[PDB]
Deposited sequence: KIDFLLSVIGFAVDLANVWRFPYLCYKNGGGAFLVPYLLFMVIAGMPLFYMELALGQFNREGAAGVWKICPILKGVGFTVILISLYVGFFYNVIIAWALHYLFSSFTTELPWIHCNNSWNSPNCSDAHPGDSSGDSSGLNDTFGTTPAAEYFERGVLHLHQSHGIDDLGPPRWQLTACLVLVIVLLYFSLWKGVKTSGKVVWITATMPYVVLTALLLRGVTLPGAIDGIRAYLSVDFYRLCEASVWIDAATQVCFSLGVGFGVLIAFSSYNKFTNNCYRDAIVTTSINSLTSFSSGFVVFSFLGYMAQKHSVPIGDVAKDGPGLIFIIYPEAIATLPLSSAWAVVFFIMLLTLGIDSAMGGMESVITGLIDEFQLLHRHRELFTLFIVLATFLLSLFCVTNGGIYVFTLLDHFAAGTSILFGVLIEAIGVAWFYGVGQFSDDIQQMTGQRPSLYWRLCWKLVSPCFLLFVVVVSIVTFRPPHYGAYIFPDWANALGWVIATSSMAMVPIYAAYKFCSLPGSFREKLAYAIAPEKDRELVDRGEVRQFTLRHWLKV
């Protein structure tokens, strides 16, 4: 009971629900993003969470070692590793910013208050631009000294020192902590509720605009955010569930996890939009013109909310300590999963583990050094747009198609019944077989066909930036066909002989050899 309670609480609050969710909610309107989020969640987030839990718990192997049930579909074990590496590249800049803010918040006069600092412009408006946004973009990022993604400039030494500290802390780390976010968020929520002009920001939150529901960006954003929040599509759920006993049940875990995650996301968006409405009322501007729909929205929103609070310095220190802890936890989880999977896959990198871990850490630091330069927000935006999205949805769709069609929904249900004593009902089987793959395929095709170039406020990325982004997405996406070709060419025999062992499970060896392959009959495919 205590261990199970602490298990659900751990996944409840993370960097996805605190940082990315309000950004994507403000970008898409507020309710026109809430509707697709719930629609995609209740349909294809719980079934995939349950499927990943059961697969990991039964196979008792890592992200790549599970695929002995469909030997040809193993490139999705390296696709997820590449995706996690790409995410971890830009996942450290958030922690560097948090460290910078925590260090700079150790004073009696906060710097994001008034328009008298050396990093200000004649456009600054004290109750143009706000002092908090001007501080973030001109005294921390120094974005005004870069023309665009073409003109980056040398890295800054302060953010480089913060990055080095983050890297060493992560490497050496790789009751009180688990309850600080709840208290801090409750204080912020109460303060935002009891503020003038918050009702407008709440009305703008709980109101659906049908004109944006006919687009595609909001559907793609909701689909990607569901996977980012729940944790599916990264290969960490399978690795974690590899040690989840055998008799532990998975549907009860999935239901509670999904419910708590949804509640936390809703509360975070509520707080952010309430403060947005207050500031819009204060500055005599509409809610849609307060700030830019960029990744650094919380770093502009939250300093002002702390400033409107008594004893603002202590609250600032506590908030940024909490943010640093959350980022460290998420980064540790991702890097641990990547390293463990790579070590397990190759038996050569087992006598040399510390060297491999040091090499991975060094490479991640070197490739994350690109976002510390003057124009690093452009590289951050490009990575955020292109590392996840089409690649993660493609990997999730391939995993679902494999596990369901190529293996057997009935066989998966029989395995689950053997594991836990209860065979899944018709809702789960139908969702695994038909409902989820169709909605994933539609989203993938829509995302691929539609253009949607990235931008940062008013900067428009050139053609070569989009080409590079598509290159780095395709690099992760294209691990399935190459492994399929290698596996097909490695097996011996003829076309039928190779195809028999390429798709049948490794537990089916004694039966495929004696002229009996289950995947060669219509009844196997036509069953739900």
| query | finding |
| --- | --- |
| Deposited positions without coordinates, collected into consecutive stretches in sequence order | 128-143, 191-201 |
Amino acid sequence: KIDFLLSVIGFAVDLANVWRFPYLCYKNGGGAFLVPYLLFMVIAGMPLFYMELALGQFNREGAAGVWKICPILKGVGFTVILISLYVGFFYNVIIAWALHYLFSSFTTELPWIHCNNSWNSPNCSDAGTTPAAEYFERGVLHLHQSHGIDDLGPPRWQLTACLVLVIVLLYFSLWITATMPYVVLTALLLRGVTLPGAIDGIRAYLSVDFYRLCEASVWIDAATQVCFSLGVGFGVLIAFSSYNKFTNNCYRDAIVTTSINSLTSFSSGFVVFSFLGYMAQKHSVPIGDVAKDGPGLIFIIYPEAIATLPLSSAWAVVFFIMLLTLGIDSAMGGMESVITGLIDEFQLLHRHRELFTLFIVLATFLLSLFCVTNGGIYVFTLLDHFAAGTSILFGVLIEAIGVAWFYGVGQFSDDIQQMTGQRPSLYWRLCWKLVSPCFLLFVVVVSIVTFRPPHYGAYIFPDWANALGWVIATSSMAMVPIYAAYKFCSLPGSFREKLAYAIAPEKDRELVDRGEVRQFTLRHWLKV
From here on, numbers count along this sequence of modelled residues.
| query | finding |
| --- | --- |
| Missing-residue flag, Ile398, threshold a third of other entries | no |
| Other PDB entries, at least a third, lacking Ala127 | yes |
